[PDB]
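Undergrad: heads up, no residue letters with this:
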């Protein structure tokens, strides 16, 4: 369960975390030695790995897969590509936290699961925020510069990690707009 | 004292392979023995570290051919090497003169890739190697879509890359 | 054998499953108390009443109590029937006669309901109001450090002598603190439009700090800052950018009354309306150093110069550019 949790959270589904698209990651939870206590902390942990899979799949799916083969600005185009480029760098402390957990496990493997949940609880509010940000762009066919407002009106929240996380991606999407302005004027 | 006898959820890498064996035993009972997977234990972490260190060279330990869940981890770092070799075979040829200059530029990028390995890791962990070569690996696989592995040569290349 | 032995020995598992538990002990009443009490009851001719309390050992009770006081759900001990967590009366240890146990687990279940209702409130925002959001964020910020304290105590069980009565006095400077938030939010849900439901909320903390103005006041004040965070952002935006913007009534001003900014509210409105008439021809970053250097009364009379001198500059500049170029005089 210790190395397997890291294997699942890295974005490679294990033999206990049954991969589905209607339940995401989910434990079997039918072992003849199951404890009632472990259930809730596992149900809390599965969601972040489920979100991480879709994020990495989105970024791979829509950035760096074409050589200029009508086109859409909420599936292709440079503003969505800038969104994905900012997106992957925002998920870097999630990776670095996963790298920090394994050193603690190598120091001693008898560590509490609530400690791991306590570590992941700061990403726990940020990830459901950015899911609706990608979902609105995908549903409403939001084209080009209208992406720039969409994150910007969603950065009027009051959670500090949401604001600080969105601002970098907004800076990249601003950078391409500055790049075209440097030529056109 | 008689030793409180801890939980199994706070134990793993010895309890993990045991519990995986139990899961496979329950599954092989529920199927009837028509599943039959080899090597339920092995490969470790550091041996796979040395193996993937050899994979980025362009050679294998004959694991591929043209715990056991780590293969689900391995494939995505495996499929990088399978395209990387497929560029060096596309540079095995010594053609147009602009095409020769193009292919020498591709070999000058392959030299960078060969230099990054054996110079950055003093045997780091597996997931660090995978994470560092995630943002770089898709960029290398992008160049396989760029290159041929007909493919244009001459003017039909010189306007295509332009 | 091979795998079932590694389970059977080293994993606890007997009592949270349907299985008779076997447990050796040192008999002779002082901790054999439950069996001696049952022997006396059967010797006094009950008649039968075949009580079935399966068994548990003592330390496992300690760790399940800590996981309940954390705020996570789904444990074997502590059944609940309507949303209020209560004792499971199916258990005996080797002592505690099933009546001392039924009382002490009831006392900690009373705090379990306190933490369970507030984590339910915290879950109902995690799956758009922008002051409730700041309030639940304040409670979340308290809760994460609280769960760190109990989680580090739980690691010291794997390694001193611990019982139930030790950990309740150990959590005393926090379980006293938890009872207050059960009272501040219950009046914040007891009470249509978002703005009256925000104003009666924000006035509650502002009143409740002055009520106790030792250590409880610092707790309430640390929640107060993280609840007043949106309002300061909006008053700064109304000052520097010269227009008020609401998410369909985000302020009591339309471009009943809160007592937090009332003694300078007049100085704020003449600040807004003067600046837009100036546009036709920062303050967070001075409030936050003020927290570095009677409490929430005269200290709030130190906030008011920051907006008052800024206002005098704005309205004086409007006056200066009206006495020349459309010169009234």
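TA: Noted; the coordinates are in hand. Numbering: from 1, shown residues only, chains lettered A, B, ... in the order given.

Undergrad: Now for the residue nearest the centre of chain C: which residues touch it?
TA: Residue closest to the average C-alpha location in chain C (C-alpha atoms, centre = their mean): residue C:139, at 3.9 Å. Residues in contact with residue C:139 (C-beta atoms under 8 Å, 6 or more residues apart in numbering or on different chains) are C:118, C:121-122, C:181, C:185, C:223. C-beta here means a position set from N, CA and C on the backbone, and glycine is covered the same way.

Undergrad: measure stretch A:3-23 end to end?
TA: With C-alpha to C-alpha, to the nearest Å as the measure, the ends of stretch A:3-23 fall 22 Å from one another.

Undergrad: Any residue of it touching chain B?
TA: Yes. Applying C-beta under 8 Å from any C-beta of the partner chain, one finds stretch A:3-23 touching chain B at A:3-4, A:6-7, A:10, A:12-16.

Undergrad: and for that stretch, what are the contacting residues?
TA: With C-beta under 8 Å, 6+ apart as the contact definition, stretch A:3-23 has outside contacts at A:1, A:25-28, A:45-46, A:48-49, A:52-53, A:56, A:98, A:101-102, A:105, A:116, B:12-13, B:16, B:20, B:23, B:67-70, B:72-73, B:76, B:127, B:130.

Undergrad: Please flag which of those sit within helices.
TA: A:45-46, A:48-49, A:52-53, A:56, A:98, A:101-102, A:105, A:116, B:16, B:20, B:23, B:70, B:72-73, B:76, B:127, B:130 (DSSP state H).

Undergrad: Pull out the buried residues from these.
TA: A:45-46, A:48-49, A:52-53, A:56, A:98, A:101-102, A:105, A:116, B:16, B:20, B:70, B:72-73, B:127, B:130 (16 or more other C-beta atoms under 10 Å in any protein chain shown).

Undergrad: From the ones in helices among the contacts of stretch A:3-23, list the ones also adjacent to chain C.
TA: Of the entries in the ones in helices among the contacts of stretch A:3-23, not a single one is placed beside chain C under the rule of C-beta under 8 Å from any C-beta.

Undergrad: rewinding a little: who wins for neighbours among the contacts of residue C:139?
TA: Scoring these on neighbours with other C-beta atoms under 10 Å in any protein chain shown, the highest-scoring entry is residue C:223 at 23 neighbours.

Undergrad: So which bits of chain B are right by chain A?
TA: Contact residues of chain B with respect to chain A, defined by C-beta under 8 Å from any C-beta, are listed as B:6-13, B:15-16, B:19-20, B:23, B:67-70, B:72-73, B:76, B:125, B:127-128, B:130-131, B:135, B:138-139, B:142, B:145-146.

Undergrad: What's the PyMOL syntax to select whichever of those are buried?
TA: For anyone working in PyMOL, the buried entries among the residues of chain B next to chain A, judged by 16+ other C-beta under 10 Å, can be selected with:
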select buried, chain B and resi 7+8+9+10+11+12+15+16+19+20+67+68+69+70+72+73+125+127+128+130+131+138
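
Undergrad: those helices in the stretch 151-300 of chain C, which residues are they?
TA: Ranges of helices within the stretch 151-300 of chain C are C:164-170, C:172-184, C:194-212, C:216-240, C:265-279, C:284-290, based on DSSP state H, counting those that start in this stretch.

Undergrad: Which among those helices is found nearest to chain B?
TA: helix C:164-170 (15.6 Å; C-beta to the nearest C-beta).

Undergrad: name the helices or strands packed onto the closest one?
TA: If contacts are counted by 3 or more C-beta pairs under 8 Å, 6 or more residues apart in numbering or on different chains; DSSP states H and E, helix C:164-170 sits against helix C:58-70.

Undergrad: what about the following helix or strand past the helix it packs on and chain A, touching?
TA: On the C-terminal side of helix C:58-70, the closest following helix or strand by DSSP states H and E is helix C:100-126. Yes. Contact of helix C:100-126 with chain A (C-beta under 8 Å from any C-beta) involves residue C:126.

Undergrad: between helix C:100-126 and helix C:58-70, how many degrees?
TA: Orientation of helix C:100-126 against helix C:58-70 (axes from the mean of the first three to the mean of the last three C-alpha atoms, to 10 degrees) gives an angle of 30 degrees.

Undergrad: How about the residues of the stretch 1-150 of chain C by chain B?
TA: Within the stretch 1-150 of chain C, the positions lying close to chain B (C-beta under 8 Å from any C-beta) are C:3, C:6-7, C:9-12, C:59.

Undergrad: same thing but at 7 Å, please
TA: For the stretch 1-150 of chain C, the residues in contact with chain B under the definition C-beta under 7 Å from any C-beta of the partner chain are C:3, C:6, C:10-12, C:59.

Undergrad: mind listing which of these are in helices?
TA: C:3, C:6, C:10, C:59.

Undergrad: Number of residues surrounding the residue in the stretch 201-329 of chain C positioned nearest to chain A?
TA: Among all residues of the stretch 201-329 of chain C, residue C:230 sits closest to chain A, at 5.7 Å; criterion: C-beta to the nearest C-beta. When counting by other C-beta under 10 Å, one arrives at 20 neighbours for residue C:230.

Undergrad: buried residues in stretch C:124-132?
TA: Along stretch C:124-132, the positions that meet the burial threshold by neighbour count (16+ other C-beta under 10 Å) are C:129-132.

Undergrad: Also stretch C:315-326?
TA: Using 16+ other C-beta under 10 Å as the test for burial, stretch C:315-326 gives residue C:315.

Undergrad: For the residue of the stretch 201-329 of chain C closest to chain A, which residues are in contact?
TA: In this structure, residue C:230 makes contact with A:158, C:130-131, C:134, judged by C-beta atoms under 7 Å, 6 or more residues apart in numbering or on different chains.

Undergrad: Pull up the residues of chain A that are close to chain C.
TA: Residues of chain A lying near chain C (C-beta under 7 Å from any C-beta): A:33, A:35-37, A:39-41, A:110, A:112, A:114-115, A:118, A:121, A:125, A:128, A:158-159.

Undergrad: among those residues, which are within reach of chain B?
TA: Contacts with chain B are made by A:33, A:35, A:110, A:112 out of those, judged by C-beta under 7 Å from any C-beta.

Undergrad: Closest to chain B out of these?
TA: Set against chain B, the nearest of these by C-beta to the nearest C-beta is residue A:110 (5.3 Å).
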